[PDB]
Amino acid sequence: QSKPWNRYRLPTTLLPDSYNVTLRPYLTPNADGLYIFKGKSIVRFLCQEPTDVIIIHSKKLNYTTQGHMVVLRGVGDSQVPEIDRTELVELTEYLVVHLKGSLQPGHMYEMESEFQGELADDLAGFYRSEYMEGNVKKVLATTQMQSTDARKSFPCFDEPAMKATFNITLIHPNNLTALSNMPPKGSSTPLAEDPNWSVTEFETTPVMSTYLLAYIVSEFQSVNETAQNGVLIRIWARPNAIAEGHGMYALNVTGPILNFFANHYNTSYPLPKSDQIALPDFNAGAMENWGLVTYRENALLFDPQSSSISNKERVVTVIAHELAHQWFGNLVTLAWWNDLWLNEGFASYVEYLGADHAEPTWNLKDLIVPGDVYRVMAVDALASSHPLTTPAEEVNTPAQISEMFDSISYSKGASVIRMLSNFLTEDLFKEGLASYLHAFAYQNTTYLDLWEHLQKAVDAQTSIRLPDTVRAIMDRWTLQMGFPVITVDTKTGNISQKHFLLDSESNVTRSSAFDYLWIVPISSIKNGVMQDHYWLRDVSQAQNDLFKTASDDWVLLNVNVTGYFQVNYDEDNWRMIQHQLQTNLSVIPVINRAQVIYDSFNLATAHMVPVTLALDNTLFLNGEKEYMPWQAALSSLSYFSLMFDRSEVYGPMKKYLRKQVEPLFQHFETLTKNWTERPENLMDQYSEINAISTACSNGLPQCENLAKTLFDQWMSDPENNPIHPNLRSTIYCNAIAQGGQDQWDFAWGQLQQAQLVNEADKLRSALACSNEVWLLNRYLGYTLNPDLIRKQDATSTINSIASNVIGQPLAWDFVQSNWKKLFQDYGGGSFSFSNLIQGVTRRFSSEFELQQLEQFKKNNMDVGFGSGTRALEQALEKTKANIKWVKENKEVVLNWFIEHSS
Ligand SMILES: *[C@@H]1O[C@H](CO)[C@@H](O[C@@H]2O[C@H](CO)[C@@H](O[C@@H]3O[C@H](CO)[C@@H](O)[C@H](O)[C@H]3NC(C)=O)[C@H](O)[C@H]2NC(C)=O)[C@H](O)[C@H]1NC(C)=O
Ligand SMILES: *[C@@H]1O[C@H](CO)[C@@H](O[C@@H]2O[C@H](CO)[C@@H](O[C@@H]3O[C@H](CO)[C@@H](O)[C@H](O)[C@H]3NC(C)=O)[C@H](O)[C@H]2NC(C)=O)[C@H](O)[C@H]1NC(C)=O
Ligand SMILES: *[C@@H]1O[C@H](CO)[C@@H](O[C@@H]2O[C@H](CO)[C@@H](O[C@@H]3O[C@H](CO)[C@@H](O)[C@H](O)[C@H]3NC(C)=O)[C@H](O)[C@H]2NC(C)=O)[C@H](O)[C@H]1NC(C)=O
Ligand SMILES: *[C@@H]1O[C@H](CO)[C@@H](O[C@@H]2O[C@H](CO)[C@@H](O)[C@H](O)[C@H]2NC(C)=O)[C@H](O)[C@H]1NC(C)=O
Ligand SMILES: *[C@@H]1O[C@H](CO)[C@@H](O[C@@H]2O[C@H](CO)[C@@H](O)[C@H](O)[C@H]2NC(C)=O)[C@H](O)[C@H]1NC(C)=O
Ligand SMILES: *[C@@H]1O[C@H](CO)[C@@H](O[C@@H]2O[C@H](CO)[C@@H](O)[C@H](O)[C@H]2NC(C)=O)[C@H](O)[C@H]1NC(C)=O
Ligand SMILES: *[C@@H]1O[C@H](CO)[C@@H](O[C@@H]2O[C@H](CO)[C@@H](O)[C@H](O)[C@H]2NC(C)=O)[C@H](O)[C@H]1NC(C)=O
Ligand SMILES: *[C@@H]1O[C@H](CO)[C@@H](O[C@@H]2O[C@H](CO)[C@@H](O)[C@H](O)[C@H]2NC(C)=O)[C@H](O)[C@H]1NC(C)=O
Ligand SMILES: *[C@@H]1O[C@H](CO)[C@@H](O[C@@H]2O[C@H](CO)[C@@H](O)[C@H](O)[C@H]2NC(C)=O)[C@H](O)[C@H]1NC(C)=O
Ligand SMILES: *[C@@H]1O[C@H](CO)[C@@H](O)[C@H](O)[C@H]1NC(C)=O
Ligand SMILES: *[C@@H]1O[C@H](CO)[C@@H](O)[C@H](O)[C@H]1NC(C)=O
Ligand SMILES: NC(=[NH2+])NCCC[C@H](N)C(=O)O
Ligand SMILES: [Zn+2]
């Protein structure tokens, strides 16, 4: 019998009722330079089963309590046992209170403690964040409890299912504002011991999880709205950001998104107010703390004068995501971190629904396909993938919990939930979802509970019929990794499924309970007309006349890619689809025009079609106006650019892409009235952005000339930037590529005085587009200078230079030569040797380059490679793969491009 304090999961003998917590950050260092916070807490808990030990989480807290580390009292007239001793057990992050007798079932106890910790700049628990306002370094105090860091701010039963109410008090400088999950009780009062401090008490939370607590002390200011039901909505930011109006977009969209979700969930927003706060350099991106959601600035703030449309899209979707959680995840909470995929998958899906409500003309819901589906399919089509579900008993340590937060959890979670909603229909999905939220409000669940409530909705109607239970179907998609390729022979209507792997030689060693067979919902369109829905059962092979065609007809599966799978056809059907896209593309839904490209390039990779069939699938693009199919092509061909852009293949490739994109360029030139006005909706703006990028990077003279004119014009009038933020990255880059030290020095000046990160980013990246070796080398020479290049930007900048075909050898030489700055930046901040290595070696595709990477590896003796040790192995592995791919593909690809370029 192991001792319970040496087990990672808490006992279930004691359950918390409510906490009082008082925190007091000291935002002035103690002159050895240490920042601290002090706290006092009382937890009231109920004894379920007798026990002579109290085990509660504590991390990096020193205790100053009088006596033992806690004082223990009975509630009401309960007696309490004497404390034997209190100890801290660091490994399992416990405060352990050994008692001289047993606590008694049904009795409640209160445990009081006093403590302090470092207010570290470490983005964990209660922590400090430093930023600049003019001359002054400002310091604020804020929180990040997710996942297991509430215990770093005060002792608590720090597991998501052990919910409780919290009464938070902040003691803070009297001229700063204090925020928490709930509204303040009233005006702050002076701290009697020192009236330079004030005390702000907050209203009692609902019953909630510790990982969702938040509290913040800052000089921040807000923009406000009161919704019709009296819910107060505020956006908080740096005084200067608020004054510039950068909070207005967030405020604009928040009301509509909250309204959408209350109706979507059939459940009122469960709090009296909604605060969202933009934090400078919040590396975690955003966190859904209940009533007080935190964001990195660039995720919440928006500058209409400098921000592109894609920035706007990022703001509305991240807001929709975090707000989605205020019901799904916060009101009803998954019992344990092994079910994180459901929480994060659900939010990652409905973020598009919420954002769509706020921006109904943008067709946002479509973007889940490129954004999540095909993104996660890249990693889920590997032997090294993993099922959405993990046994709860395998997820114990804080490191194991952190591993839950990955692409599979978010993006495959989103993809499968979206599939589920689609085959249930949204109305039916919403009924079960509402039933689930009502039944489990303020409590905890597993994914099985959601399946059960969805099944209840299915059972209560007669319209939607499923081939099996919701659970049995979703089991196929959650208990085994990966996804099928569905292959159709349209001569017979034979249809098959098999586990899809990009590497046709891969060995899958992870076994599945289902032999990698799925139950697959299959929609289809024949000659542009919707067909009856079909389910492929858990069989290798089936037949249906739905998928049988005449000679002059075509069929296409997985309308709008609602289903988490990819599709192959016989060549005849492929050609018929190709001629349709050639002659009238609007018969096929825009998402499917993209699908044909996405799937066919993946199939070519996996040797299931020839690479020329994938290329053939791009031939229609010369008539394509819309964003997604072009995006499909650009994403699929970026590897071809990477392998071939230094080879004889590249001229014919550029020529073919010039041919394809010219009509699109001409279309927008007219539509935008000579580039003076952007297209109206988001998709068309995105298409314009890509069309200009593609034209300019492939050397279309008309785009090159546009880029030179605008940049000339900006240089003659530096304070009036004539280039729309949408087009800035391309126009900057192409213009600097055409120009010399005049253009380069000017853009450098503008980088030095850029007050906005997004604009600094674009300039930094464009500066790497110069075609002068000496400019790129001098630039590389700056990247280690923290004066001229922020350290957090150094590897990014080197990678951008590596990306330049002329900068490739320069960056590689520079990284090798100054590698002996591992002993200067595995200590002086983090870095990302890993991201540096991948970027600089990304192109390597010959034996000779592999010989160089091996030779570079022989500075193994000392310094080593740090956090990129694993990366350098991945680079030798990827170069081998690239060598093999280029040998296989070079001849067939060269001759296709020659043939199709005119
Ligand atoms: C968790 O925090 C709560 C808020 O501080 C505590 O409840 C408060 O206790 C206060 C002081 O004990 C009470 O305020 C006043 O106290 C004086 C003592 O001199 C009493 O006579 C007054 O009756 C009382 N004043 C008023 C206007 O009620 C509060 O009653 C009380 N606040 C509440 C209940 O909202 C909890 O006790 C504390 N929990 C634990 C376990 O200590
Ligand atoms: C929680 O308690 C810890 C242990 O008491 C504290 O960590 C200790 O900080 C000490 C004081 O800052 C350090 O001791 C010495 O302090 C003198 C004067 O400040 C320094 O000149 C010395 O460098 C330092 N001693 C040595 C050997 O270097 C300790 O380094 C450190 N002790 C341990 C065991 O980690 C925490 O400060 C305290 N935390 C908070 C937030 O209160
Ligand atoms: C938050 O929502 C607000 C209300 O919908 C938006 O306010 C709108 O800002 C528009 C963009 O500046 C304005 O449109 C036009 O602006 C120029 C200025 O000269 C002119 O073309 C037009 O005269 C003007 N619009 C019209 C219809 O004439 C609107 O003035 C304004 N609308 C309202 C109702 O005030 C905010 O833009 C929005 N904030 C963000 C960041 O999106
Ligand atoms: C946090 O504050 C709440 C609200 O004041 C406290 O809830 C009260 O609990 C007391 C003692 O159990 C009851 O007598 C009252 O009926 C409760 N009031 C309300 C409005 O619910 C709660 O006890 C506090 N938590 C702690 C640890 O003291
Ligand atoms: C809140 O009070 C503090 C102290 O009065 C102010 O912070 C000082 O500001 C000056 C410049 O204005 C700095 O040089 C000092 O070093 C600061 N003191 C400390 C201890 O940091 C602060 O400006 C006030 N803030 C507001 C919003 O009124
Ligand atoms: C949850 O949804 C139900 C069903 O839409 C809502 O109750 C219905 O409200 C409509 C609106 O006029 C009535 O016509 C129906 O008769 C109601 N049905 C029932 C069974 O009551 C309810 O308003 C929603 N609740 C929330 C909080 O959004
Ligand atoms: C975790 O959630 C479950 C529900 O999924 C909670 O169990 C419920 O407790 C409430 C209030 O005591 C009862 O009304 C229900 O009968 C329970 N439902 C069950 C047992 O299925 C459970 O209390 C939560 N766990 C913790 C530690 O709070
Ligand atoms: C379509 O599937 C059917 C199997 O249901 C295939 O036809 C069978 O092929 C086997 C293999 O020799 C014959 O022995 C069976 O008698 C056939 N079944 C029949 C005719 O009902 C057919 O080959 C498949 N067509 C494809 C894959 O294009
Ligand atoms: C496939 O996706 C398209 C969107 O790309 C869907 O078209 C939308 O349909 C909804 C509801 O009918 C309309 O409100 C939108 O205005 C449509 N948008 C566009 C751009 O046409 C289409 O309904 C989807 N097809 C299927 C079978 O689900
Ligand atoms: C996987 O096993 C098969 C032989 O059964 C082989 O073709 C292949 O080379 C093996 N390894 C890899 C990494 O593909
Ligand atoms: C092509 O098909 C579209 C959509 O089905 C139809 O509206 C249109 O008539 C066709 N366009 C032409 C030019 O025939
Ligand atoms: N990997 C993390 N722990 N990220 C924390 C961010 C929190 C939030 N749950 C999100 O998905 O944005
Ligand atoms: Zn989330």
# chains A, B, ... in the order shown; residues from 1 in each chain; ligands from 1
>>> closest_atom_pairs(of="chain A", to="ligand 8", cutoff="12 Å", atoms="only C-alpha atoms and all ligand atoms", output="Markdown table")
| residue | atom | partner | partner_atom_place_in_ligand_line | distance |
| --- | --- | --- | --- | --- |
| A:487 | CA | ligand 8 | 27 (C) | 10.0 |
| A:488 | CA | ligand 8 | 28 (O) | 8.9 |
| A:489 | CA | ligand 8 | 28 (O) | 5.8 |
| A:490 | CA | ligand 8 | 28 (O) | 8.4 |
| A:491 | CA | ligand 8 | 28 (O) | 7.0 |
| A:492 | CA | ligand 8 | 28 (O) | 5.9 |
| A:493 | CA | ligand 8 | 1 (C) | 7.6 |
| A:494 | CA | ligand 8 | 1 (C) | 5.0 |
| A:495 | CA | ligand 8 | 1 (C) | 8.1 |
| A:496 | CA | ligand 8 | 27 (C) | 8.8 |
| A:539 | CA | ligand 8 | 5 (O) | 11.8 |
| A:540 | CA | ligand 8 | 2 (O) | 10.8 |
| A:541 | CA | ligand 8 | 2 (O) | 7.4 |
| A:542 | CA | ligand 8 | 5 (O) | 7.0 |
| A:543 | CA | ligand 8 | 2 (O) | 6.8 |
| A:544 | CA | ligand 8 | 1 (C) | 10.0 |
| A:545 | CA | ligand 8 | 1 (C) | 11.6 |
| A:547 | CA | ligand 8 | 1 (C) | 11.8 |
| A:548 | CA | ligand 8 | 28 (O) | 10.8 |
| A:569 | CA | ligand 8 | 28 (O) | 11.3 |
| A:570 | CA | ligand 8 | 28 (O) | 9.4 |
>>> residues_around(residues="residue A:642", least_positions_apart="4", cutoff="10 Å", atoms="only C-alpha atoms", output="PDB file with N, CA, C and O atoms, in the first residue's frame")
ATOM      1  N   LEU A 637       1.280  23.102 -52.763  1.00  0.00           N
ATOM      2  CA  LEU A 637       2.449  23.343 -53.608  1.00  0.00           C
ATOM      3  C   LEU A 637       3.626  23.970 -52.871  1.00  0.00           C
ATOM      4  O   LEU A 637       4.752  24.007 -53.400  1.00  0.00           O
ATOM      5  N   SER A 638       3.403  24.482 -51.664  1.00  0.00           N
ATOM      6  CA  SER A 638       4.517  25.095 -50.925  1.00  0.00           C
ATOM      7  C   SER A 638       5.711  24.143 -50.744  1.00  0.00           C
ATOM      8  O   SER A 638       6.877  24.574 -50.794  1.00  0.00           O
ATOM      9  N   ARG A 646      15.367  25.841 -56.287  1.00  0.00           N
ATOM     10  CA  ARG A 646      16.756  26.019 -56.682  1.00  0.00           C
ATOM     11  C   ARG A 646      17.130  25.109 -57.854  1.00  0.00           C
ATOM     12  O   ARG A 646      18.311  24.927 -58.164  1.00  0.00           O
ATOM     13  N   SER A 803      14.456  31.490 -45.682  1.00  0.00           N
ATOM     14  CA  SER A 803      13.334  31.287 -46.606  1.00  0.00           C
ATOM     15  C   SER A 803      13.612  31.880 -47.978  1.00  0.00           C
ATOM     16  O   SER A 803      13.123  31.373 -48.967  1.00  0.00           O
ATOM     17  N   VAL A 805      15.573  32.253 -51.137  1.00  0.00           N
ATOM     18  CA  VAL A 805      16.433  31.301 -51.837  1.00  0.00           C
ATOM     19  C   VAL A 805      17.899  31.754 -51.856  1.00  0.00           C
ATOM     20  O   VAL A 805      18.805  30.939 -51.749  1.00  0.00           O
ATOM     21  N   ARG A 842      14.930  23.079 -43.736  1.00  0.00           N
ATOM     22  CA  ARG A 842      13.675  22.728 -44.373  1.00  0.00           C
ATOM     23  C   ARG A 842      13.863  22.357 -45.859  1.00  0.00           C
ATOM     24  O   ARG A 842      13.167  21.470 -46.371  1.00  0.00           O
ATOM     25  N   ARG A 843      14.817  22.979 -46.538  1.00  0.00           N
ATOM     26  CA  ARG A 843      14.978  22.817 -47.980  1.00  0.00           C
ATOM     27  C   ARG A 843      15.784  21.571 -48.370  1.00  0.00           C
ATOM     28  O   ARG A 843      15.753  21.136 -49.528  1.00  0.00           O
ATOM     29  N   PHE A 844      16.539  21.028 -47.414  1.00  0.00           N
ATOM     30  CA  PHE A 844      17.574  20.060 -47.727  1.00  0.00           C
ATOM     31  C   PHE A 844      16.975  18.840 -48.390  1.00  0.00           C
ATOM     32  O   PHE A 844      16.048  18.226 -47.857  1.00  0.00           O
ATOM     33  N   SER A 845      17.479  18.493 -49.565  1.00  0.00           N
ATOM     34  CA  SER A 845      16.842  17.454 -50.368  1.00  0.00           C
ATOM     35  C   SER A 845      17.838  16.722 -51.240  1.00  0.00           C
ATOM     36  O   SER A 845      17.461  16.106 -52.227  1.00  0.00           O
ATOM     37  N   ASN A 882      13.048  13.775 -47.997  1.00  0.00           N
ATOM     38  CA  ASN A 882      13.105  14.715 -49.121  1.00  0.00           C
ATOM     39  C   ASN A 882      13.962  14.222 -50.287  1.00  0.00           C
ATOM     40  O   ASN A 882      13.587  14.402 -51.454  1.00  0.00           O
TER      41      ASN A 882
END
>>> residues_around(residues="residue A:80", least_positions_apart="6", cutoff="8 Å", atoms="only C-alpha atoms", output="PyMOL selection string")
chain A and resi 72-74+103+109
>>> write_last_selection(atoms="N, CA, C and O atoms", output="PDB file, in the first residue's frame")
ATOM      1  N   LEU A  72      -6.742  24.192  12.036  1.00  0.00           N
ATOM      2  CA  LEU A  72      -7.881  23.359  11.663  1.00  0.00           C
ATOM      3  C   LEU A  72      -8.986  23.548  12.670  1.00  0.00           C
ATOM      4  O   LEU A  72      -8.730  23.433  13.881  1.00  0.00           O
ATOM      5  N   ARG A  73     -10.195  23.844  12.216  1.00  0.00           N
ATOM      6  CA  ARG A  73     -11.337  24.029  13.117  1.00  0.00           C
ATOM      7  C   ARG A  73     -12.524  23.194  12.686  1.00  0.00           C
ATOM      8  O   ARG A  73     -12.697  22.931  11.505  1.00  0.00           O
ATOM      9  N   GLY A  74     -13.387  22.847  13.635  1.00  0.00           N
ATOM     10  CA  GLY A  74     -14.679  22.258  13.279  1.00  0.00           C
ATOM     11  C   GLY A  74     -15.686  23.330  12.928  1.00  0.00           C
ATOM     12  O   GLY A  74     -15.688  24.402  13.520  1.00  0.00           O
ATOM     13  N   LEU A 103     -11.065  12.497  11.198  1.00  0.00           N
ATOM     14  CA  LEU A 103     -12.240  13.270  10.821  1.00  0.00           C
ATOM     15  C   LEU A 103     -13.432  12.332  10.633  1.00  0.00           C
ATOM     16  O   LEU A 103     -13.255  11.134  10.360  1.00  0.00           O
ATOM     17  N   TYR A 109     -15.266  20.966   8.145  1.00  0.00           N
ATOM     18  CA  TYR A 109     -14.127  21.537   8.826  1.00  0.00           C
ATOM     19  C   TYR A 109     -13.625  22.748   8.051  1.00  0.00           C
ATOM     20  O   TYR A 109     -13.812  22.833   6.849  1.00  0.00           O
TER      21      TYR A 109
END
>>> closest_atom_pairs(of="chain A", to="ligand 1", cutoff="9 Å", atoms="only C-alpha atoms and all ligand atoms", output="Markdown table")
| residue | atom | partner | partner_atom_place_in_ligand_line | distance |
| --- | --- | --- | --- | --- |
| A:18 | CA | ligand 1 | 41 (C) | 8.6 |
| A:19 | CA | ligand 1 | 1 (C) | 7.4 |
| A:20 | CA | ligand 1 | 1 (C) | 5.0 |
| A:21 | CA | ligand 1 | 1 (C) | 8.1 |
| A:41 | CA | ligand 1 | 42 (O) | 8.9 |
| A:42 | CA | ligand 1 | 41 (C) | 5.9 |
| A:43 | CA | ligand 1 | 41 (C) | 7.2 |
| A:44 | CA | ligand 1 | 41 (C) | 6.7 |
| A:75 | CA | ligand 1 | 41 (C) | 8.3 |
| A:110 | CA | ligand 1 | 41 (C) | 6.2 |
| A:111 | CA | ligand 1 | 41 (C) | 8.3 |
| A:112 | CA | ligand 1 | 41 (C) | 8.2 |
| A:167 | CA | ligand 1 | 2 (O) | 6.6 |
| A:168 | CA | ligand 1 | 2 (O) | 8.6 |
| A:169 | CA | ligand 1 | 5 (O) | 8.8 |
| A:201 | CA | ligand 1 | 4 (C) | 8.2 |
>>> residues_around(residues="residue A:107", least_positions_apart="5", cutoff="7 Å", atoms="only C-alpha atoms", output="PyMOL selection string")
chain A and resi 46-47+78
>>> write_last_selection(atoms="N, CA and C atoms", output="compact mmCIF listing (two decimals), in the first residue's frame")
# COMPACT_ATOMS: atom_id res chain seq x y z
N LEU A 46 -15.98 19.02 3.48
CA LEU A 46 -16.81 18.03 4.15
C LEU A 46 -16.07 16.69 4.12
N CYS A 47 -16.10 15.98 5.23
CA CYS A 47 -15.56 14.63 5.29
C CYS A 47 -16.60 13.60 4.78
N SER A 78 -18.90 20.77 15.49
CA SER A 78 -17.96 19.67 15.28
C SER A 78 -16.68 19.84 16.08
>>> closest_atom_pairs(of="chain A", to="ligand 5", cutoff="10 Å", atoms="only C-alpha atoms and all ligand atoms", output="Markdown table")
| residue | atom | partner | partner_atom_place_in_ligand_line | distance |
| --- | --- | --- | --- | --- |
| A:27 | CA | ligand 5 | 21 (O) | 7.7 |
| A:28 | CA | ligand 5 | 20 (C) | 6.2 |
| A:29 | CA | ligand 5 | 20 (C) | 9.4 |
| A:133 | CA | ligand 5 | 11 (C) | 9.8 |
| A:134 | CA | ligand 5 | 11 (C) | 9.9 |
| A:135 | CA | ligand 5 | 11 (C) | 8.3 |
| A:136 | CA | ligand 5 | 14 (O) | 6.5 |
| A:137 | CA | ligand 5 | 21 (O) | 8.4 |
| A:138 | CA | ligand 5 | 21 (O) | 7.4 |
| A:139 | CA | ligand 5 | 21 (O) | 8.2 |
| A:173 | CA | ligand 5 | 1 (C) | 7.2 |
| A:174 | CA | ligand 5 | 1 (C) | 7.6 |
| A:175 | CA | ligand 5 | 1 (C) | 5.0 |
| A:176 | CA | ligand 5 | 27 (C) | 6.2 |
| A:177 | CA | ligand 5 | 27 (C) | 8.7 |
| A:196 | CA | ligand 5 | 2 (O) | 9.0 |
| A:218 | CA | ligand 5 | 27 (C) | 8.4 |
| A:219 | CA | ligand 5 | 27 (C) | 5.1 |
| A:220 | CA | ligand 5 | 27 (C) | 8.2 |
| A:221 | CA | ligand 5 | 27 (C) | 9.5 |
| A:239 | CA | ligand 5 | 27 (C) | 8.9 |
>>> write_last_selection(atoms="N, CA, C and O atoms", output="mmCIF file, in the first residue's frame")
data_model
loop_
_atom_site.group_PDB
_atom_site.id
_atom_site.type_symbol
_atom_site.label_atom_id
_atom_site.label_comp_id
_atom_site.auth_asym_id
_atom_site.auth_seq_id
_atom_site.Cartn_x
_atom_site.Cartn_y
_atom_site.Cartn_z
ATOM 1 N N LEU A 27 4.136 44.724 -5.955
ATOM 2 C CA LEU A 27 4.563 45.035 -7.295
ATOM 3 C C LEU A 27 5.875 45.826 -7.319
ATOM 4 O O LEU A 27 6.359 46.211 -8.384
ATOM 5 N N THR A 28 6.445 46.035 -6.139
ATOM 6 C CA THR A 28 7.791 46.609 -5.977
ATOM 7 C C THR A 28 8.736 45.510 -5.468
ATOM 8 O O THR A 28 8.431 44.818 -4.504
ATOM 9 N N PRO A 29 9.870 45.299 -6.151
ATOM 10 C CA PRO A 29 10.817 44.270 -5.715
ATOM 11 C C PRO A 29 11.398 44.560 -4.324
ATOM 12 O O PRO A 29 11.475 45.705 -3.920
ATOM 13 N N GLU A 133 5.180 51.806 -20.523
ATOM 14 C CA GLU A 133 4.381 52.981 -20.892
ATOM 15 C C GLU A 133 5.269 54.209 -20.942
ATOM 16 O O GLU A 133 5.652 54.765 -19.897
ATOM 17 N N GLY A 134 5.629 54.619 -22.165
ATOM 18 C CA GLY A 134 6.617 55.691 -22.354
ATOM 19 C C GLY A 134 7.936 55.339 -21.698
ATOM 20 O O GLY A 134 8.619 54.363 -22.086
ATOM 21 N N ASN A 135 8.316 56.124 -20.705
ATOM 22 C CA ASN A 135 9.608 55.957 -20.040
ATOM 23 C C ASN A 135 9.582 54.861 -18.992
ATOM 24 O O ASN A 135 10.628 54.295 -18.658
ATOM 25 N N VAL A 136 8.377 54.514 -18.509
ATOM 26 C CA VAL A 136 8.256 53.702 -17.309
ATOM 27 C C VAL A 136 8.012 52.228 -17.638
ATOM 28 O O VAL A 136 7.123 51.899 -18.446
ATOM 29 N N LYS A 137 8.802 51.348 -17.028
ATOM 30 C CA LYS A 137 8.423 49.947 -16.876
ATOM 31 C C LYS A 137 7.271 49.820 -15.890
ATOM 32 O O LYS A 137 7.383 50.253 -14.736
ATOM 33 N N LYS A 138 6.156 49.264 -16.368
ATOM 34 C CA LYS A 138 4.981 49.000 -15.537
ATOM 35 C C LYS A 138 4.948 47.509 -15.212
ATOM 36 O O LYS A 138 5.360 46.681 -16.025
ATOM 37 N N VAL A 139 4.448 47.181 -14.036
ATOM 38 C CA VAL A 139 4.309 45.813 -13.582
ATOM 39 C C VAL A 139 2.885 45.590 -13.096
ATOM 40 O O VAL A 139 2.388 46.348 -12.269
ATOM 41 N N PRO A 173 -2.326 48.272 -4.251
ATOM 42 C CA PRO A 173 -2.117 49.725 -4.198
ATOM 43 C C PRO A 173 -3.417 50.466 -4.515
ATOM 44 O O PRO A 173 -4.208 49.998 -5.336
ATOM 45 N N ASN A 174 -3.666 51.569 -3.816
ATOM 46 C CA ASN A 174 -5.017 52.151 -3.829
ATOM 47 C C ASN A 174 -5.360 52.843 -5.133
ATOM 48 O O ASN A 174 -6.516 53.145 -5.382
ATOM 49 N N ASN A 175 -4.349 53.019 -5.983
ATOM 50 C CA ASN A 175 -4.563 53.650 -7.285
ATOM 51 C C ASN A 175 -4.592 52.666 -8.458
ATOM 52 O O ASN A 175 -4.666 53.077 -9.601
ATOM 53 N N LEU A 176 -4.577 51.375 -8.147
ATOM 54 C CA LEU A 176 -4.737 50.328 -9.154
ATOM 55 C C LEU A 176 -6.113 49.684 -9.093
ATOM 56 O O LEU A 176 -6.782 49.729 -8.078
ATOM 57 N N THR A 177 -6.518 49.060 -10.182
ATOM 58 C CA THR A 177 -7.827 48.420 -10.270
ATOM 59 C C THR A 177 -7.652 46.903 -10.036
ATOM 60 O O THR A 177 -6.704 46.299 -10.526
ATOM 61 N N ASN A 196 -2.155 53.255 2.089
ATOM 62 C CA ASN A 196 -1.666 53.297 0.699
ATOM 63 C C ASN A 196 -2.197 52.098 -0.101
ATOM 64 O O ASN A 196 -2.213 52.123 -1.320
ATOM 65 N N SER A 218 -3.916 45.947 -11.768
ATOM 66 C CA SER A 218 -3.296 46.682 -12.870
ATOM 67 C C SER A 218 -3.784 48.121 -12.936
ATOM 68 O O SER A 218 -4.695 48.512 -12.222
ATOM 69 N N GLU A 219 -3.175 48.879 -13.836
ATOM 70 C CA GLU A 219 -3.618 50.253 -14.130
ATOM 71 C C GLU A 219 -4.566 50.267 -15.320
ATOM 72 O O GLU A 219 -4.752 51.314 -15.929
ATOM 73 N N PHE A 220 -5.089 49.111 -15.704
ATOM 74 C CA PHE A 220 -5.829 49.022 -16.961
ATOM 75 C C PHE A 220 -7.128 49.807 -16.928
ATOM 76 O O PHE A 220 -7.699 50.024 -15.880
ATOM 77 N N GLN A 221 -7.581 50.215 -18.101
ATOM 78 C CA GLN A 221 -8.857 50.900 -18.256
ATOM 79 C C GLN A 221 -9.737 50.097 -19.211
ATOM 80 O O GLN A 221 -9.283 49.125 -19.804
ATOM 81 N N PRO A 239 -4.055 51.661 -20.676
ATOM 82 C CA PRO A 239 -4.616 52.962 -20.903
ATOM 83 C C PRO A 239 -4.407 53.497 -22.332
ATOM 84 O O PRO A 239 -5.349 54.000 -22.937
#
>>> residues_near_ligand(ligand="ligand 13", cutoff="9 Å", atoms="only C-alpha atoms and all ligand atoms", output="count of residues only")
17
>>> residues_near_ligand(ligand="ligand 7", cutoff="8 Å", atoms="only C-alpha atoms and all ligand atoms", output="list in words")
residues 12, 15, 161, 162, 163, 335, 440, 443, 444, 445 and 446 of chain A
>>> closest_residue(among="A:762, A:471, A:264, A:778", to="ligand 6", atoms="only C-alpha atoms and all ligand atoms")
A:264
>>> residues_around(residues="residue A:863", least_positions_apart="3", cutoff="9 Å", atoms="only C-alpha atoms", output="PyMOL selection string")
chain A and resi 819-823+859-860+866
>>> residues_near_ligand(ligand="ligand 10", cutoff="6 Å", atoms="only C-alpha atoms and all ligand atoms", output="list in words")
residues 505, 506 and 507 of chain A
>>> select_by_dssp(residues="stretch 527-661 of chain A", states="strand (DSSP E or B)", output="list in words")
residues 529, 530, 534, 535, 536, 541, 542, 543, 555, 556, 557, 566, 567, 568 and 569 of chain A
